[PDB]
Protein chains: 2
Amino acid sequence: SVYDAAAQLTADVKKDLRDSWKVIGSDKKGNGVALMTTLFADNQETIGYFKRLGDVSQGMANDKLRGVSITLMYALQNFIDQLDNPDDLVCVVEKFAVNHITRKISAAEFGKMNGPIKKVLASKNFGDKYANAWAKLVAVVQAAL
Amino acid sequence: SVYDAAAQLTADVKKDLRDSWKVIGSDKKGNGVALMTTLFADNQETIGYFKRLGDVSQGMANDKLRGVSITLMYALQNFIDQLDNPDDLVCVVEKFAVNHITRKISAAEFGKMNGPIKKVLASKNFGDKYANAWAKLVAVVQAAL
Ligand code: HEM
Ligand code: HEM
């Protein structure tokens, strides 16, 4: 359950999330677009869910893609900000899950963002320890899907 | 159209938006809920759009309402952060407008948030000058609806 998943965010996991976000969250536009373009490159099958965006290969030059990419980073910002209060983290995660459920995004589908996150993290000198930390946060959302 | 509305965001207006946000945005849960509950109190009819939230009379105590309220504040955070780049502000405003258009929320209906905003600002001692600045930000989003 989402409540059990949130409890998996231990002290050190929370710390690693904050430490890496401090760097990653510094460039929301750049890292956000990198996240999306990597998702579409490594998992081309997900492009169908983003028909509204148009030609996704344009990257940064695609206004709709840039809009979604920047907005995506503020969702991550939101999650990180709620790490101190599990009750708040959960209600925000559930809200966030509602819109993805409406788009029929499964927990398995949602989990594909883990690849992109791991790569962007590694490009900034953050290794497996951090990728695993972020995977735990993603799992919280997966539990609500 | 959206670009044209963003043009009213002059140097002075952006300055007041940033200064007032520094305070208002420092308690996203508290002020976010204040905005929502005030909207519902002053315009009871807007509750019709939030049936999914359940018993909104519970306010802060309502997990779903609290979830929407906190998240709402991150949309504003997004906008404030994009003020110095019209291109980015526009793509993020248009993305934001997509979900509200799907909900059949007209520009006039969206404008009802001006009252709550003015009242929340007043509670932190930000007068009409600041309320006017925020009305202009709301006008940019209204231009997309
Ligand atoms: C770290 C993981 C993810 C985060 C934090 C995230 C965040 C967001 C946010 C905040 C929005 C914009 C608000 C909204 O329209 O609901 C959004 C839109 C969307 N997301 Fe996710 N998302 C994630 C992963 C994914 C994945 C992996 C898929 C699909 C395989 C997905 C599919 C969608 C779709 C289709 C939209 C609508 C885009 C549009 O038409 O504007 N998301 N996501
Ligand atoms: C400053 C003004 C406003 C801001 C920044 C704002 C922000 C947001 C955000 C961030 C979301 C979550 C993402 C999404 O589902 O689209 C949202 C959801 C929503 N907003 Fe707005 N909004 C504003 C005003 C309004 C107004 C005035 C109405 C109605 C008259 C409205 C109706 C909705 C509805 C119905 C939802 C869905 C709530 C749910 O069931 O989860 N919004 N809004």
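Read the numbers this way: they start at 1 and go in the same order the structure lists the ligands and their atoms. First the proteins, then the strands, lettered A, B, ... as listed; each starts at 1.
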Near B:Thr71 (heavy-atom distance under 4.0 Å), the atoms of ligand 2 are 10 (C)

Given 3.5 Å as the limit, does a donor-acceptor pair link the side chain of A:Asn78 with the main chain of A:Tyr74, or not?
no

the protein heavy atom lying closest to atom 35 (C) of ligand 2 turns out to be B:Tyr49 O, 3.3 Å

May I ask you to check if ligand 1 and B:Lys95 share an N or O to N or O distance below 3.5 Å? yes

query = Got a protein heavy atom sitting under 4.0 Å from atom 13 (C) of ligand 1?
reply = yes

Any side-chain donor-acceptor pair under 3.5 Å between A:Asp4 and A:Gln8?
no

Any protein N, O or S atom under 2.8 Å from atom 21 (Fe) of ligand 2? Found B:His100 NE2

B:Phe96 heavy atoms within 4.0 Å reach ligand 2 at atoms 4 (C), 5 (C), 6 (C), 7 (C), 8 (C), 22 (N)

Within the protein, is there a heavy atom lying under 4.0 Å from atom 7 (C) of ligand 1? yes

Between A:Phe96 and A:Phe110 (judged by ring centroids, cut-off 6.0 Å), do the two rings come close enough to count as a pair?
yes

Residue pairs passing the salt bridge (charged side-chain N to carboxylate O under 4.0 Å, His left out) test with at least one member in residues 33-46 of chain A, sequence neighbours excluded, are A:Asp42-A:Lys119, A:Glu45-A:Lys112

Answer yes or no: does an N/O atom from B:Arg52 fall short of 3.5 Å to an N/O atom of ligand 2? yes

for atom 1 (C) of ligand 2, nearest protein heavy atom and its distance come out as B:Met113 CG, 3.7 Å

Note: A:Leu76, heavy atoms under 4.0 Å from ligand 1, region reported as side chain

*Answer yes when A:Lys15 and A:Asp12 have at least one side-chain N-carboxylate O distance shorter than 4.0 Å, and no when they do not.*
no

Across all chains, not counting sequence neighbours, the salt bridge (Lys or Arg N to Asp or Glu O under 4.0 Å) partners of B:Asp27 are none

Would a 4.5 Å heavy-atom cut-off, applied to side chains only, mark B:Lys14 and B:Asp84 as touching?
-> yes

For residues 29-39 of chain A, which side-chain N or O atoms pair as donor and acceptor with protein atoms under 3.5 Å away, sequence neighbours left out?
from	atom 1	to	atom 2	distance (Å)
A:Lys29	NZ	B:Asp88	OD2	2.6
A:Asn31	OD1	A:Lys124	NZ	3.1
A:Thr37	OG1	A:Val33	O	2.9
A:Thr37	OG1	A:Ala34	O	3.1
A:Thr38	OG1	A:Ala34	O	2.7

Any donor-acceptor pair under 3.5 Å linking the side chain of A:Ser69 with the backbone of A:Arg66?
no

Short version for B:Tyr74: what comes under 4.0 Å of ligand 2, heavy atoms counted, is neither

Q.
Within the structure provided, determine whether A:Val98 and A:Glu94 are in side-chain contact (heavy-atom separation under 4.5 Å).
A. no

Near B:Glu109 (heavy-atom distance under 4.0 Å), the atoms of ligand 2 are 27 (C), 30 (C)

Atom 32 (C) of ligand 1 has as its nearest protein heavy atom A:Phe50 CZ, 3.4 Å

Any side-chain heavy-atom pair of B:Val13 and B:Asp16 under 4.5 Å:
no

(message) Using a 3.5 Å distance criterion without hydrogens, assess whether the side chain of A:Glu109 forms a donor-acceptor pair with backbone atoms of A:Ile105.
(response) no

